[PDB]
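Protein chains in written order, with full-length UniProt numbering: chain A, 3264 to 3567; chain B, 3264 to 3568.
Ideal Cβ positions, reconstructed from N, Cα and C, are used throughout, including at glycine.
1. Using CA coordinates, which residue listed in B:3306, B:3361, B:3305, B:3388 is at the minimum distance from residue 3266 of chain A?
2. Beta carbon of residue 3429 of chain B, beta carbon of residue 3465 of chain B: below 9 angstroms?
3. At a CB-CB cut-off below 8 angstroms, which residues of chain B make contact with residue 3268 of chain A?
4. Using DSSP's beta-bridge definition, name the partner residues of residue 3343 of chain B.
5. List the residues of chain B that residue 3562 of chain A touches, going by C-beta distances under 7 angstroms, in chain order.
6. Hey, quick one: how far does the alpha helix (DSSP H) through residue 3282 of chain A stretch, first residue to last?
7. Where does residue 3334 of chain A sit, in a helix, a strand or coil, going by DSSP?
8. Residues of chain A with CB closer than 7 angstroms to the CB of residue 3386 of chain B, please, in chain order.
9. Determine whether the Cβ of residue 3293 of chain B lies closer than 9 angstroms to any Cβ atom of chain A.
10. Quick one: give me the first and last residue of the beta strand (DSSP E) that residue 3437 of chain A is part of.
11. Per DSSP, residue 3544 of chain A is paired with what?
12. Which residues in chain A have a C-beta closer than 9 angstroms to the C-beta of residue 3406 of chain B? List them in chain order.
13. Return the chain-ordered list of same chain residues with a C-beta closer than 7 angstroms to the C-beta of residue 3413 of chain B, the five sequence neighbours on each side being excluded.
14. With 9 angstroms set as the bound, which would you pick, yes or no: does the beta-carbon of residue 3264 of chain A sit closer than that to a beta-carbon of chain B?
15. Which chain A residues are close to residue 3381 of chain B, counting only those with a beta carbon under 8 angstroms from its beta carbon?
16. Taking residue 3497 of chain A as the query, report the chain B residues whose CB atoms sit under 8 angstroms from its CB, ordered along the chain.
17. For the alpha helix (DSSP H) holding residue 3322 of chain B, just list the boundary residues, first then last.
18. Quick one, are the C-beta atoms of residue 3473 of chain A and residue 3348 of chain A less than 9 angstroms apart?
19. Taking the alpha carbon of residue 3556 of chain A as the reference point, which residue from A:3477, A:3471, A:3537, A:3303 has its own alpha carbon closest?
20. Name the residue from B:3312, B:3317, B:3352, B:3314 whose alpha carbon lies nearest to the alpha carbon of residue 3295 of chain B.
21. Compare the C-beta of residue 3477 of chain A against all C-beta atoms of chain B and say whether one is closer than 9 angstroms.
22. When you compare each of A:3280, A:3346, A:3460 to residue 3335 of chain A by their alpha carbons, which one comes out closest?
23. Is residue 3547 of chain B close to chain A, meaning its C-beta is less than 9 angstroms from at least one C-beta of that chain?
24. Please report how far the alpha carbon of residue 3452 of chain B lies from the alpha carbon of residue 3312 of chain B, in whole angstroms.
25. Any Cβ of chain A within less than 9 angstroms of the Cβ of residue 3246 of chain B?
26. Counting only Cβ pairs nearer than 8 angstroms, list the residues of chain B close to residue 3410 of chain A.
27. Threshold first: 4 residues or longer. Then list the alpha helix (DSSP H) segments lying entirely within the stretch 3406-3490 of chain B, N to C.
28. According to DSSP, is residue 3370 of chain B helix, strand or coil?
29. Using a Cβ-Cβ cutoff of less than 7 angstroms, which residues in the same chain neighbour residue 3285 of chain B once the five nearest sequence positions on both sides are dropped?
30. Just tell me which of A:3432, A:3444, A:3392 has its CA closest to the CA of residue 3454 of chain A.
31. Taking all protein chains shown into account, do 16 or more other C-beta atoms lie within 10 angstroms of the C-beta of residue 3499 of chain B, making it buried, or fewer, making it exposed?
32. What's the gap between the Cα of residue 3209 of chain B and the Cα of residue 3483 of chain B?
33. Are there 16 or more other CB atoms within 10 angstroms of the CB of residue 3558 of chain B, so buried, or fewer, so exposed?
34. On the three-state DSSP scale, how would you describe residue 3270 of chain A?
35. With DSSP run on the structure shown, which of helix, strand or coil describes residue 3307 of chain B?
36. Under the three-state reduction of DSSP, which class applies to residue 3514 of chain B: helix, strand or coil?
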């Protein structure tokens, strides 16, 4: 028993991380088959970043201007193409450590593991949620750009995130592996509004189920509610509205614990209206929204 | 910027995890050079665990009673020895994925990464603190026994923990890789007192420094305090007493932020006396004690490997 914010084992991703250098600028790349993926702002100086014309900047560059190092091995770049906000560097060698992999665009509310890297070398691994406003609250210092987010389904790595920038607010924005930003962000150093963020309601309910399973039951009340009644309270506290799709996803946790989803909603409603009175749930003094229903099921059934 | 509870990259450890089976019982083993390490209670049935004589139980077993599988490959066991609460199974093949490694006994308050495994297959990775009472608050289901805790210093994996048992209270106890339990625990299914836990004061101060560095500064006061004055408040709130050794370890974070350790102590004192008034520090509504001063420095300076 017990419940922890758990990342996927990072081994399969560690073997794909490389260093990409273009003039002064060094960041991280993802080496899969004979292609290296990295943020296109590798081609920018600190001045360029204020208002870059990426097409014009990339034209000034040739294959030999891209230094790609896999640990101590230097890769030979035989091609370069821009796809949205990512650069695809064709190299002469297939990565022998290429795992079975997919590129996926994740939905807001979904979670993934980040392997934070500097100069193509792994620093650490942690589990993130994509916020409803398409930002992440990561740990990303200078040089962390090109660090990737992923899920693992047995043998298959689903790459969903490549770190691109820190907004002035200190929150993080990135792209899928086709180089399309999550949210309304562009790769230039301007002030950019992230939307109003909201709490991921289905994740909070999943974590309350995790709590009951591990024997934290104090918050279970004598009340029930309707989807409509609950959603009026959700709106007031900046929680995502709960849909029948969400109720359906919580079904297995409902079945295990014998607490109907709407009964757990009534518990959450009372927590929102009355706060927690300085009590804790699974060692947290606030409501946690970075566990999906699938995350709770994985951990509470020991999937490998 | 930003601050997260970060585990070490688990790649070097993943390649060392194997499945060990002895009759009915299956758990995880650590394959380094030509030796597999696992908890000795692999040789026990659920009945044996109530009051096991490990010497007598191990004598009933030979090399061929130990099934060791590395993914899909089966290893040949040519030797078995009991060292404290761990079994060392000598195998005919050196692990070609053996990293540079050390066995270290960690101190209470120190942190490490756990690779939670089932049937010799990695499930997930997370950062733990060894509690002052030598327990850990992990996530460990049936079959997680033999899962290991580690730190990485560039190329070298320091194995410090092997998961052994869940206490009736749902907290976790384990051994070093020489099989010596952390704390007063034994490998039998009895009621065992963990004894009073305390908050790791030096870790809370380190995390307050992490907070200042990342721009959370609301808790900073101009009140100050003495080691003696602070430790009277520490005792009242079940915090470890702060020593000069602890002040010295926080020195670099003090130097970076320009906040003297005793000033940060006065901020912590008011947080303890007055609570946080429903505010958050680095997205937490309570005081976090599972980051060491070295953890904060590593993350706030981007150390790799």
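In short:
1. Within the first chain, residue 3266 of chain A is the residue found at index 3, counting from 1. The residue with the shortest Cα to Cα distance from residue 3266 of chain A is B:3388.
2. Here residue 3429 of chain B refers to the residue found at position 166 when the second chain is read from its first residue. Here residue 3465 of chain B refers to the residue found at position 202 when the second chain is read from its first residue. Contact: no.
3. The sequence position of residue 3268 of chain A within the first chain is 5, counting from 1. Per Cβ cutoff of 8 angstroms: 3268, 3389.
4. Sequence index remark: in the second chain, residue 3343 of chain B carries index 80 (1-based). Bridge partners of residue 3343 of chain B: B:3352.
5. Your numbering for residue 3562 of chain A matches position 299 in the first chain. Neighbours of residue 3562 of chain A on chain B, chain order: 3402.
6. Taking the first residue of the first chain as 1, we reach residue 3282 of chain A at position 19. Element bounds for residue 3282 of chain A: not the alpha helix (DSSP H) but the beta strand (DSSP E), 3280-3285.
7. Reading the first chain from its first residue, position 71 is the one you call residue 3334 of chain A. DSSP places residue 3334 of chain A in coil when its eight states are reduced to three.
8. As a position in the second chain, residue 3386 of chain B is number 123, starting the count at 1. 3565, 3566, 3567, listed in chain order.
9. Here residue 3293 of chain B is taken as the residue at index 30 of the second chain, counted from 1. Cβ-Cβ to chain A under 9 angstroms: no for residue 3293 of chain B.
10. The residue you call residue 3437 of chain A lines up with position 174 of the first chain. Its beta strand (DSSP E) spans residues 3435-3438.
11. Within the first chain, residue 3544 of chain A is the residue found at index 281, counting from 1. According to DSSP, residue 3544 of chain A bridges with A:3547.
12. Taking the first residue of the second chain as position 1, residue 3406 of chain B is located at position 143. 3565, listed in chain order.
13. Working through the second chain from its first residue, we reach residue 3413 of chain B at position 150. Only 3271, 3276, 3375, 3376, 3420, 3421, 3422, 3423 meet the Cβ criterion.
14. Against the first chain, residue 3264 of chain A aligns to sequence position 1. Interface residue, yes.
15. The residue given as residue 3381 of chain B occupies position 118 in the second chain. Neighbours of residue 3381 of chain B on chain A, chain order: 3565, 3567.
16. For the purposes of this step, residue 3497 of chain A is taken as residue 234 along the first chain, with counting starting at 1. Under the 8 angstroms cutoff, chain B gives no residues; its nearest Cβ is about 20 angstroms from residue 3497 of chain A.
17. On the second chain, residue 3322 of chain B is found 59 positions in, with the first residue counted as 1. Here the alpha helix (DSSP H) through residue 3322 of chain B covers 3317-3322.
18. Position 210 of the first chain, counted from the start, is the residue given in the question as residue 3473 of chain A. Position 85 of the first chain, counted from the start, is the residue given in the question as residue 3348 of chain A. No, the Cβ-Cβ distance between residue 3473 of chain A and residue 3348 of chain A is not below 9 angstroms.
19. In the first chain, residue 3556 of chain A corresponds to position 293, counting from 1. Of A:3477, A:3471, A:3537, A:3303, the residue nearest in Cα terms is A:3471.
20. Working through the second chain from its first residue, we reach residue 3295 of chain B at position 32. Per the Cα distances, B:3352.
21. Here residue 3477 of chain A refers to the residue found at position 214 of the first chain. It does: the Cβ of residue 3477 of chain A has a partner Cβ on chain B nearer than 9 angstroms.
22. For the purposes of this step, residue 3335 of chain A is identified with residue 72 of the first chain, where counting begins at 1. Closest by alpha carbon: A:3280.
23. For the purposes of this step, residue 3547 of chain B is taken as the residue at position 284 of the second chain. Residue 3547 of chain B counts as touching chain A.
24. To locate residue 3452 of chain B, count along the second chain from 1; it is residue 189. To locate residue 3312 of chain B, count along the second chain from 1; it is residue 49. Their backbone Cα atoms lie some 5 angstroms apart in a straight line.
25. The structure shown does not extend to residue 3246 of chain B, since chain B spans only 3264 to 3568, so no value can be given for it.
26. Position 147 of the first chain, counted from the start, is the residue given in the question as residue 3410 of chain A. Within chain B, no residue comes near residue 3410 of chain A; the closest Cβ sits about 11 angstroms away, beyond 8 angstroms.
27. 3464-3476
28. Residue numbering aside, residue 3370 of chain B sits at position 107 when the second chain is read from its first letter. Reduced to three states, the DSSP call for residue 3370 of chain B is coil.
29. Translated into the one-based positions of the second chain, residue 3285 of chain B becomes position 22. Counting only Cβ-Cβ distances below 7 angstroms, and skipping sequence neighbours, we find 3305, 3306, 3324, 3328, 3329.
30. Position 191 of the first chain, counted from the first residue, corresponds to residue 3454 of chain A. Looking at the Cα atoms, A:3432 is the closest of the given residues.
31. Taking the first residue of the second chain as position 1, residue 3499 of chain B is located at position 236. Burial call: exposed.
32. The structure shown has nothing for residue 3209 of chain B, since chain B only spans 3264 to 3568.
33. Working through the second chain from its first residue, we reach residue 3558 of chain B at position 295. The residue is buried, with at least 16 neighbouring Cβ atoms inside 10 Å.
34. To locate residue 3270 of chain A, count along the first chain from 1; it is residue 7. Looking at residue 3270 of chain A - three-state DSSP - the assignment turns out to be strand.
35. For the purposes of this step, residue 3307 of chain B is taken as residue 44 along the second chain, with counting starting at 1. Coil, per DSSP.
36. The residue given as residue 3514 of chain B occupies position 251 in the second chain. Looking at residue 3514 of chain B - three-state DSSP - the assignment turns out to be helix.
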